[PDB]
Amino acid sequence: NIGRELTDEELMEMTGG
Amino acid sequence: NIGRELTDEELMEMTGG
Amino acid sequence: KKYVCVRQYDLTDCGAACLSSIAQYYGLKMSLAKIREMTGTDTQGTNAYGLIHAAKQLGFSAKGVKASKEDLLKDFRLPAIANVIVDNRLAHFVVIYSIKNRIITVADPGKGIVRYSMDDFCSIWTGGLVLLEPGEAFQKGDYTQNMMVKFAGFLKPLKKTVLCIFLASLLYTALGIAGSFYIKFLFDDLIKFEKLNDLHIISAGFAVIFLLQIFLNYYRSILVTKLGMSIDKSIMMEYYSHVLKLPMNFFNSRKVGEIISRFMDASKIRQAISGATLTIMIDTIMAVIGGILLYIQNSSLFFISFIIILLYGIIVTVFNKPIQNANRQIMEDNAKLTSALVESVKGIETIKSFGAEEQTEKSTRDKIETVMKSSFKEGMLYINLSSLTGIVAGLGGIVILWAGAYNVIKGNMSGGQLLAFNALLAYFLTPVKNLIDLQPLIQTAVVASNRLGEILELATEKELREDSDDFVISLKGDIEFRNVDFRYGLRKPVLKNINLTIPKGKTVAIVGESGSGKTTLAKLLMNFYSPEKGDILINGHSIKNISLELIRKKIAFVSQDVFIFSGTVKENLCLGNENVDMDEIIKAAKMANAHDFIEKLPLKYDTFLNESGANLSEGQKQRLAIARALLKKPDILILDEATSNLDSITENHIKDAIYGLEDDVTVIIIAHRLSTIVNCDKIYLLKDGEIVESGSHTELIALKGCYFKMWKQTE
Amino acid sequence: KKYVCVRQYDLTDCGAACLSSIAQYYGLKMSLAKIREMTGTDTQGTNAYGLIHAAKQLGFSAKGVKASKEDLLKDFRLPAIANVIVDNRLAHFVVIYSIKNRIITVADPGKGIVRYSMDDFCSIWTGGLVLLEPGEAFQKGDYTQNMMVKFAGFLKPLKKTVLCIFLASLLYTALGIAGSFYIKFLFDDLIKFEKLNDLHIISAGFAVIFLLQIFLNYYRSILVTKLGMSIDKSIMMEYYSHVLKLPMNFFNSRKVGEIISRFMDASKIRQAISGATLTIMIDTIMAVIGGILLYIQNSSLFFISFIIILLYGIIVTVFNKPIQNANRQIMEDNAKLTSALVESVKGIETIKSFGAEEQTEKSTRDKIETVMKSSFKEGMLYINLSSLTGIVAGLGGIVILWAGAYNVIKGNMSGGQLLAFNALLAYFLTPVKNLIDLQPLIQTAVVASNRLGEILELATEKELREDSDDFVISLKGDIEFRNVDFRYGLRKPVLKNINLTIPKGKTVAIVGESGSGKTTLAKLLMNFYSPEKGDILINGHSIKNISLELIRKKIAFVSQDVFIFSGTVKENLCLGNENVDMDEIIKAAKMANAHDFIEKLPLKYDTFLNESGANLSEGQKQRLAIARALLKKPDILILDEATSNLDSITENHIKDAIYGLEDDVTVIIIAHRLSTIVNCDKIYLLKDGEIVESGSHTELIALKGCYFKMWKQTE
Ligand SMILES: Nc1ncnc2c1ncn2[C@@H]1O[C@H](COP(=O)(O)OP(=O)(O)OP(=O)(O)O)[C@@H](O)[C@H]1O
Ligand SMILES: Nc1ncnc2c1ncn2[C@@H]1O[C@H](COP(=O)(O)OP(=O)(O)OP(=O)(O)O)[C@@H](O)[C@H]1O
Ligand SMILES: [Mg+2]
Ligand SMILES: [Mg+2]
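Method information in the entry identifies cryo-EM as the source of the structure, with 3.7 Å recorded as the resolution.

Draft legend 1. Seen up close, the site of ligand 1. Residue and element names in this part refer to chain C. Looking at ligand 1, the residues that line it are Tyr 488, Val 494, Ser 514, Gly 515, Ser 516, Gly 517, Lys 518, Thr 519, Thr 520 and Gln 560. Within the contact set of ligand 1, an oxygen atom lies 3.0 Å away from a backbone nitrogen or oxygen of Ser 514. With respect to ligand 1, the backbone of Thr 519 contributes an N or O atom lying 2.5 Å from an oxygen atom. Considered on its own, ligand 1 offers 600 Å² of accessible surface; in the complex 55% of this is hidden by protein.

Draft legend 2. A look at the side chain of C:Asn407. Residues and elements named next belong to chain C. Mapped onto the fold, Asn 407 is located in helix α13 (residues 357-410). Judged by its relative accessible area of 10%, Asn 407 is buried. Dropping the residues within four chain positions of it, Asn 407 is found in contact with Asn 298, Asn 412 and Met 413.

Draft legend 3. Structural detail: the coordination of the magnesium ion (ligand 4). Within the protein, the atoms that donate to the magnesium ion (ligand 4) are D:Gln560 (OE1) and D:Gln560 (NE2), at distances of 2.2 to 2.5 Å. With respect to the helices and strands, the residue D:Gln560 is situated in the loop between β12 (555-557) and β13 (567-568).

Draft legend 4. Layout of the domain arrangement of chain C. Residues and elements named next belong to chain C. Domains assigned within chain C are domain 1 (1-145), domain 2 (146-470) and domain 3 (471-715). Distance from the C-alpha centre of domain 2 to the C-alpha centre of domain 3: 55 Å. Across the boundary between the two partners, domain 2 contributes 8 residues, which contact 14 residues of domain 3. Here domain 2 packs against domain 3, burying approximately 950 Å² in sum over the two surfaces, 47% of which is carbon and sulfur. Among the residues of domain 2 in contact with domain 3, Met 248, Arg 465 and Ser 468 are the three that bury the most area, contributing 58% of the side total. Connecting domain 2 to domain 3 are 1 salt bridge. Here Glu 461 and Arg 552 are joined by a salt bridge, their closest N and O atoms 3.1 Å apart. In this structure, the connection of domain 2 to domain 3 is made through 8 residue pairs in polar contact. Here the side of domain 2 that touches domain 3 takes 3 residues from helix α9 (residues 248-253), the largest share from any one element.

Draft legend 5. Main features of the site of ligand 2. Residues and elements named next belong to chain D. Neighbouring ligand 2 are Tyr 488, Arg 491, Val 494, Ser 514, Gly 515, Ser 516, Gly 517, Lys 518, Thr 519, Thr 520 and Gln 560. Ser 516 places a polar main-chain atom, nitrogen or oxygen, 3.4 Å from an oxygen atom of ligand 2. At a separation of 2.7 Å, an oxygen atom of ligand 2 approaches a polar side-chain atom of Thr 519. Contact with the protein chains covers 60% of the free accessible surface of ligand 2, which is 600 Å². The class makeup of the residues in the shell around ligand 2 is 2 nonpolar, 7 polar and 2 charged.

Draft legend 6. Molecular detail of the interface of chain D and chain C. Counting residues at the interface gives 101 residues for chain D and 107 residues for chain C. The largest per-residue losses of area from chain D upon contact with chain C belong to D:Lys352, D:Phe354 and D:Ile409, which jointly make up 7% of the total buried on that side. Seen at the junction of chain D and chain C, the total is 2 salt bridges. The residue C:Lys352 makes a salt bridge to D:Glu461 at a minimum N-O spacing of 3.7 Å. One can count 17 residue pairs in polar contact joining chain D with chain C. Here the side of chain D that touches chain C gets 26 residues from one element, more than from any other, and that element is helix α13 (residues 357-410) of chain D. Counted by class, the side of chain D that touches chain C contains 52 nonpolar, 27 polar and 22 charged residues.

Draft legend 7. Quick peek at helix α19 (residues 582-591) of chain C. All names here are of chain C. Among all positions in α19, only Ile 585, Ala 588 and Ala 589 are buried. Buried positions in α19, seen along its axis, are confined to an arc of 100° and lie on one side of it. As for α19, its buried residues are in contact with α18 (569-573), α20 (595-598) and α21 (618-631). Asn 593 occupies a position one or two residues after α19 and carries a positive phi of about 55°.

Draft legend 8. Representation of the relation of the copies chain D and chain C within the structure. Relative to chain C, chain D is turned by 180° and slid 0.1 Å along the rotation axis, the superposed coordinates differing by an RMSD of 0.5 Å. When the rotation and shift are considered jointly, the pair of chain copies conforms to a two-fold rotation axis. If distances are taken from each C-alpha of chain D to the rotation axis, the shortest is found for D:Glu715, at 2.4 Å. When you check the interface residues of chain D against chain C, 91% turn up at the interface there too, and the contact is symmetric in its surfaces.

Draft legend 9. Representation of the pattern of salt bridges. All names here are of chain D. Evaluated as defined, the whole model comprises 34 salt bridges over all chains. When the shortest N-O distance is used, the salt bridge between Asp 10 and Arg 262 registers 4.0 Å. Note that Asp 10 is positioned in the segment before α1 (14-26) and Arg 262 in helix α10 (residues 256-297), a separation of 252 residues in sequence. With respect to class, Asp 10 is no different from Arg 262; both count as buried. Each of the salt bridges in this network shares a partner with another, and the network as a whole consists of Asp 10, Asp 13, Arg 36 and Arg 262.

Draft legend 10. Broad picture of the environment of D:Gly415. By the element assignment, D:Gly415 lies in helix α14 (residues 415-453). For the pair D:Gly415 and D:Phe187, spaced 228 residues apart in the sequence, the C-alpha separation amounts to 8.1 Å. The contacts of D:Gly415, once residues within four sequence positions are left out, are C:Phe187, D:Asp188 and D:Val408.

Draft legend 11. Region of the structure containing the environment of C:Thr714. All names here are of chain C. Summarising the element assignment, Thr 714 is placed in helix α24 (residues 706-714). Judged by relative accessible area, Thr 714 falls into the partly exposed class, the value being 43%. Sequence separation between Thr 714 and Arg 673 is 41 residues; the distance between their C-alpha atoms is 8.2 Å.

Draft legend 12. A look at the sheet that holds strand β15 (residues 666-671) of chain C. All names here are of chain C. A sheet is described by the order of its strands in space; here 6 strands give the open sequence β11-β14-β15-β9-β16-β17, paired in mixed fashion. Edge positions in the open sheet fall to β11 (555-558) and β17 (690-695), since each of these has one partner strand only. This sheet shows a mean twist of 15° between the axes of neighbouring strands, independent of strand direction. Note that strand β16 (residues 682-687) and β17 share 5 bridges and pair antiparallel. Within β17, the residue paired with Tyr 684 across the bridge is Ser 694.

Draft legend 13. Seen up close, the pairing of strand β3 (residues 91-100) of chain C. Residues and elements named next belong to chain C. Sheet topology places strand β2 (residues 80-85) next to β3; 6 bridges connect them, and they run antiparallel. Paired with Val 84 across the bridge in β3 is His 92. The turn joining β2 and β3, which pair antiparallel and follow one another in sequence, is formed by 5 residues; a positive phi near 40° is taken by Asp 87. Of the strand pairs in this sheet, β3 and strand β4 (residues 103-108) are connected by 5 bridges, and their pairing is antiparallel. Across the sheet, the residue bridging to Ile 99 is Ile 104, located in β4. Where β3 folds back onto β4 in an antiparallel hairpin, the turn is made up of 2 residues, including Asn 101, whose phi is positive at roughly 60°.

Draft legend 14. Representation of the nonpolar core in the model. Within the largest apolar cluster, 74 residues are counted, with the highest numbers of intra-cluster contacts made by C:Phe481 and C:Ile638. The greatest single-element share of this core, amounting to 9 residues, is contributed by helix α8 (residues 208-243) of chain C. Judged by nonpolar contacts, the second largest core, of 40 residues, contains C:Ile368, D:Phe151, D:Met237 and D:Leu452.

Draft legend 15. Region of the structure containing the interface of chain B and chain D. Listed by partner, the interface residues are 13 residues for chain B and 22 residues for chain D. Looking at side-chain class alone, the side of chain B that touches chain D contains 5 nonpolar, 5 polar and 3 charged residues.

Draft legend 16. Just the arrangement of the chains, in detail. For the 4 pairs of chains in contact, the maximum contact count is reached by chains C and D. Nothing in chain A touches chain B, and the closest approach of their C-alpha atoms is 43 Å. Regarding chain A and chain D, the two do not touch, and the least distance separating their C-alpha atoms is 8 Å.

About the thresholds
- Residues numbered from 1 in each chain as written, not as in the entry; some residues may be left out.
- Chains lettered and ligands numbered in written order.
- Heavy atoms only, no water.
- Residues with missing side-chain atoms left out of burial classes, pairs and counts.
- Near = heavy atom within 4 Å.
- Polar contact = N/O pair within 3.5 Å; in protein donor to acceptor, adjacent residues only side chain to side chain.
- Areas by Shrake-Rupley, 256 points an atom, 1.4 Å probe, with all protein chains shown as cover.
- Helix = DSSP H or I, 4+ residues; strand = E, 2+ residues; numbered from the N terminus.
- Buried < 20%, exposed > 50% of the residue type's maximum accessible area, 1.4 Å probe, protein only.
- Contact = heavy atoms within 4.5 Å.
- Donors = N, O, S within 2.8 Å, 3.2 Å for Na, K, Ca; no water.
- Domains from an automatic or database assignment.
- Buried area = accessible area lost by both parts, 1.4 Å probe.
- Salt bridge = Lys/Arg side-chain N within 4 Å of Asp/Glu carboxyl O.
- Nonpolar A, V, L, I, M, F, W, Y, C, P; charged D, E, K, R; others polar.
- Arc of directions from axis to C-beta.
- Least-squares fit on C-alpha atoms.
- Pairing = 2+ DSSP bridges.
- Axes fitted to C-alpha atoms, helices over the stretch in contact; angles between N-to-C directions.
- Core = buried A, V, L, I, M, F, W, Y, C linked by side-chain atoms within 4.5 Å.

What follows is the structure, given as structure tokens:
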């Protein structure tokens, strides 16, 4: 795709709100 | 006076608010 | 294709709002609360993993990929979700729609569609890209019921009141028309001829009509007030009764103010439900008849009035949106100063200790100046609107009189009818003005109805639960936790696979680290939550096999954080169940070591516990909790932090009381300190969400395992 | 003789208000906040002994005597203070004035003077009477400053703005009079004689006047807005700056909402400071000139209008008070409903556990029904007032027009002047209506100023301390506490006769039971309060000799609860002191065993701690508190609850590093758990509000006393 996919553990690091 | 003098211990019990 | 964005209902709805915006752009329209449950949104925020999982289970094919200035290559799909930071304050979610000429359209749930340039946007968002593609299972359709009619249906059993109000308003307008025409009859017949007797008769006969008008206004006011109060009360009853039946995850996911604000939202909904409908229904016909009468009077003056109301409507429409924008900005900037004040007052001790007074008074001043600046912007908008409206109204009033005088100069109408036209101008302009000004109320009310009625489509606990009252009698026997895996949301599993056996009539001591899950296991024991895999077995029957009411009635749990309700202590000890004698309360206090201090209170048992019982000490609150727990004689007694406070003998009394049951009821104690749990038949020591040692004290001491090591730690 | 009562500003201010009412009856007039200081008012309430002590200090001879339905016998002095209970809800204080014919006059701070009957009163209050007698040491006098003659002084440096506003308003009225008189020339000359050119000239010549009027209105509105915003900002800043310097007893006595409400009180004060004065100043002159003009036109119509406005004022005055009563009832019944909702939402877990859903739904319904009843009563009052005002206005409009027509027929004035009088009626009535409506605003504003300006007359921390720090530039040496007796208010003293010797550069451990006073002693070190008896000697000098700045700067105290301010972590570590380097911060982070987890944050030191750092764990909160404390490198370091959260290695590292200080700093460690304080140089055991054991571990164990008795556990 656009780039290399990130891992789930680092994916959890993304937060909203 | 009107009656016997009241003790301080139960005066602590007398609260307002 | 049209770009669609969904405004977030509350603060922490960025992910759900972005997902809804994507769905409504690709076609699907789902309810926002259901999506929030799908995304696993919590109070702190939404993890991107939860958003991706919700997208995948929804039907989208979604991926969370990194990006570093790679938004120029054609290798991408739009729209796409991004994460940003507000000048390094707090994280937020936006969605980019299209980038071209280094200028980008992004929907932010906070504001709406907002322009950005490449440099500033790149300096705003750090990294992260959520890409969404419609899958084969993606089915377009609409899943939201119109809730406006759902809330307006409360008017069905109240048709008499609104019919009476409509009739009274019609009579009000009919009587007001004569009062308007009065001045014309005055200046056309009662002046040009000196007929004093007719003057006295007519002036007295056109004054009682005003009294009838006042009586009609009184009746209308009473009816409208009663209708509004009834609708508000009914809506509040429905909302509260539905919220008290919602599951525990709804309460855990949201805050308190979010639930509370929907009570005030009931009045906003009622404003449309009650006021708007009657207002438009009467004002449309009254404006039509007023305009017809004005056309009968004159044509050019009616055209001038139509032009004036046209300019008024145009001005209101063009100035409406900045008013809401400024109001939202003020509400955002004055909610930051009030937080600083409370924070500064609460931590005044540390502020004084470190002497940070100058810093605090300098910091608060800047926030106050920002609030004042926002208020001044709103004042600027209001002053501009008022000045333009006043100019239009004054010019229309001057033009009407000039045109009437000019027509009289030619003589196209009588001189006295100009005054009657001026009088009827109010009756013609008021309803159309109300109709023009009703639009922001309708918008706010429909948003409010979408926000509040969103909750009412959720599923309660009764529906989810199945039936098991046909065979069950009580909750006695042996407790099995088999392969129980539970997630506290969409995060790492706090509880792992367990084979736990709690035998009949045995004291169980569950001990573990502070960060380990102990209270959560008790929560699943009473079935506040549902495990994703595994089962809870009672007498060879699963959780799906035990009736809800039986679980609630036969299990008593003393919370870590005891909550004391406002009211009498008697109501506190025996709540939920009635028709209980005082003897049970007396013995509950006796084995709870509560009879000693309760007698000291001014009232024996009718003492009112104000401020949620904050006057009483923590140990007294614990004693009350214990008394309430054993007042219900439950089958399963799960203590959590009863021994937190003790007088070196009260724990001895409570241990003697627990030993004094003479029944096979099972008591499970969650233990932090190990000295309290001695001579215990069964102890379960947990590390990393797993019970390792299962046995009595002696053999596990001899085992030479982590249990004795923890002892080498506590000692 | 006149009877006077004092309305309480806050909920828990009954005793001080009653004492002030007694004083203002005997002659003295003291400030309410100062009386609160003498009476020892706390959050819970005021004790009767507190009132007696305050009266004795003030000069009264006071006695608290019991009573059992003995209010008939003579030889007891009225007025007297009594304690009542409101239908078994909460205690409150009233003052009884006169007894006669079994009917009683009592002043209640909540409402005012309220009638009571013998049976009802005797069934309301249980027992207890405070009798007050003016002694020889009582001198009547007035000590209360006029609050307004202080807040209006803020208008002194802004004379230009108010002068411009006054001139703009005068020009506005002058231009409006011409627009009013326009209709007279319109209907007297321009219609009777067909002067079309003159009509065109006059119509254009009376249109620019309205444009100038609009421009003047814009300018005056801008100036008023700017003036009001400036006054609000100044008042708020001054109030906050004065509050931030008040002593700790003021903060401990009151809650947070009490402090916060005075910020919104500034707007209420400004509405009188800015709006009321200019409003009355302009309406007086415009009403005067309008009345003179109307009298020039006609006398009978002017007198009828005067009667109309007199009737309107009479109705407003007679209906003013019930509106306030209904508003107070709604406010007090609406602050009880929100309490039930908040506790129900917070304690939803207990409600689900005990299944008390129907009870909560039934309970909330009654409160909401009471709220609706109060709202309906206020609405009915509003409807009555509006109906009467409308009747008066309509009847006045009818009679004025009828009398004008009668005068025109008889020939007392021209026809066109009647419309001129009708137009000028607005300019005559609106200013007087505003003047009439201004009175409740002035009353509530003077009450608000007395509420807010009362605090500003208090004495801050700096004034009481002796201004002499010469002799000592650093806080080193020997610490000695000599017979230090501290009372936390008007309760039993928590600290008794003590003799403490903290040696030169010695790490000492204060141990005691939870109910014993340990943190209070540390606060006495920090000089948050002032000892009543005894003294604190530091290297041969007392606290009152040494300056407050050195005490605040060179002494660090770790609070029981770790309060983390919202903002960047860097500012939190170094607040109060600036120009601070980074490497000592790094070594402090290593010192607190906190440098490890900072890298795990997304940003190293620029991360913003939202919600006062609620996301961070309690152990991390303690680590940051320790880092903040030791960044200041104090001479006296007070650890209180550092060891609360443990990983079995963190306290080992903290102890090893504390042993690695190589300096003569004095460290005081407050200990709850006994095993935490091992091989300590000095241990002070505190019980019965006094130090009992003073020695090292070995000799205290060999002593076979209370310390070894406490070591019966933890083995
Ligand atoms: N909002 C939350 N409330 C409670 N626990 C949470 C929450 N979010 C995550 N958790 C995790 O769920 C588990 C609950 O732990 P449990 O309440 O059983 O322990 P405890 O011994 O009572 O201690 P503590 O309350 O101090 O965590 C912990 O692993 C905790 O980290
Ligand atoms: N409003 C109050 N705030 C704090 N202490 C109060 C208050 N009213 C009375 N006290 C008394 O002041 C003393 C304070 O000692 P303190 O409780 O602070 O020691 P401590 O070790 O902090 O105890 P704890 O940790 O349990 O609070 C106690 O006697 C307490 O009962
Ligand atoms: Mg816990
Ligand atoms: Mg403490």
